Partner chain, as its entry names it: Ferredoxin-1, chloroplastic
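First, one chain by itself: the form deposited without its partner chain, in structure tokens.
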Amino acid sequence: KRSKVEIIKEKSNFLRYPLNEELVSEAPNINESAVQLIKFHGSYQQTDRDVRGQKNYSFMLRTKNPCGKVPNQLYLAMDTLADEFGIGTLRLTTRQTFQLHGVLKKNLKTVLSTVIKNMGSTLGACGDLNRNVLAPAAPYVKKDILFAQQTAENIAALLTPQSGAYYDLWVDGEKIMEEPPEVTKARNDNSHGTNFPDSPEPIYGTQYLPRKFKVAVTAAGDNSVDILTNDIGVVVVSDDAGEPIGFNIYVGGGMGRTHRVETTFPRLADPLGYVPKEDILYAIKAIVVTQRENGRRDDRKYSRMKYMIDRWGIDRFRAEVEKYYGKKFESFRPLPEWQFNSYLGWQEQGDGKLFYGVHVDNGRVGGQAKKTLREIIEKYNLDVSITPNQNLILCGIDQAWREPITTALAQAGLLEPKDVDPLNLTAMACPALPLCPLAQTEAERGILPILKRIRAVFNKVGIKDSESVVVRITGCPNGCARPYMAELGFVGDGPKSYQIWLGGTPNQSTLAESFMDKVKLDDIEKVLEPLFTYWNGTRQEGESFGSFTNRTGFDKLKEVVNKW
């Protein structure tokens, strides 16, 4: 027994048909087969859910940018495309990519080929494939940060579709201007029966993966990447002099779940083991292959790797992976405590240049903010990078540029961290309505008024305005803003209501739990005021809301809410 998507992939000639014929039909949309295929090419057909009556079809596009790195030429091309063919905005994402919403079917090939001819790609941004690979977004020249970044690039390249469908459709097969040889040799290796050596996809095969697959790379300590949520987390381990020697690996995280279906759940990734640095790409493929061959393909709700690991347990999974790796994992090595880093504000690269992280609420770049960011990036010929908290880092800045860049940013309303509510600095919301077809309610368009209401509750209770909690909001339980790691998570569960989740911590090292269902938007103060009063009244010195939640436990918190 096999899902509808499996058959679509099977009969597509490696992601070509009938997408190829649908792209040139006169209709404003494309058929269901083509709807599923185009995801693999980094585009999503959407309809605007605000405009009553009619189906206004449009296409969202998502880029592929390992480590969040965006060359100058790409940023300029994307900025112009958003205005010419989109709806005037770029959307920075929780996986360090751009989305561009609103593109009409007839302009889609113009847009994607422009991306392609300007040092970018959308290949594999969606689909049953490896998604954008995360890495530390800060452009530090420190050796282990550079090594984390190189590794994410290499992993992304390894797991890039090889069929040629992408260039066939978007640029009529022409050639666009080299991967390290370690990548090529790893991809080619079949000493342990990992590959399909005669297939146009030696790793993916005809069927690709059972579902999206997510990888995050970082250096010890830096949890900007929210590593525990990914299919694979990879951590650089270095000797005492800061020279990288290998990687710790984690497996089997995921956020996605469905309301009222308790066999679906978020899950933290398990520590799997350590490998020496030369082995990383072999170990990554082994893991991918184990999911390829064993993840469920009958029911897509249960297809992500977190489920096979939940069913088999981590030891049986390890053993299976070790058959494709051809050797044993070493013991996972100790790591320091995780820390969240925003990379915001003025900092040093380590090579004489500065970087500046720009706070962007929800990653939505538009209006004057967009115009000013483009002027700066273009005038100073800056490369940039996207952070997993939907923010933008301006790289490679000369000391003499710091003042005029600062002045321009401030003039457009783009404030430095010290002038932003600390709630906003760590908050995230998904796009949800109006273009998300799975949204049950608002997230991006509701979060800002929610934050002000939280700050007003703090004020009322007597909490200082420099105190904060991590607030994440989604419009549905898919978890695109990783709400299940929040200190205070709001997960859409009706048209005007949120399920509230507590128990995440400031460094994203813990999984939250479901605290109350169907809290109506108007009622959130009834829940938040007692919680925050009790935190303020009985927290230990400097104890975060999340740690306090986990120490106190849900029975006592519910009692406090119920007696309010």
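Residue numbers count along the first chain shown, from 1.
From this point on, the text means the form deposited with its partner chain bound, which you will not see here.
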message = Just to be sure I understand the contacts: of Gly326, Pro434, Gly494, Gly205, which is the one whose heavy atoms reach within 4.5 angstroms of its partner chain in the deposited bound form?
response = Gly494
inquiry  = I need to confirm a contact call. Of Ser385, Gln440, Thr194, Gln149, which residue comes within 4.5 Å of its partner chain in the deposited bound form, counting heavy atoms only?
reply    = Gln440
query = Does the 4.5 Å heavy atom contact test between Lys143 and its partner chain in the deposited bound form come out positive?
reply = no
ask   = With the partner left out of view, is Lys526 within 4.5 angstroms of its partner chain in the deposited bound form by any non-hydrogen atom?
value = no
query = Do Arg260 and its partner chain share at least one heavy atom pair within 4.5 Å in the deposited bound form?
reply = yes
Interface membership of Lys558, its partner chain in the deposited bound form, 4.5 Å heavy atom rule = no
ask   = Hey, of 274-282, 252-260, 116-124, 222-230, which bit sits against its partner chain in the deposited bound form at 4.5 Å between non-hydrogen atoms?
value = 252-260
key: Complete contact of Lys4, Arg49 and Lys518 with its partner chain in the deposited bound form (any heavy atom, 4.5 Å)   = yes
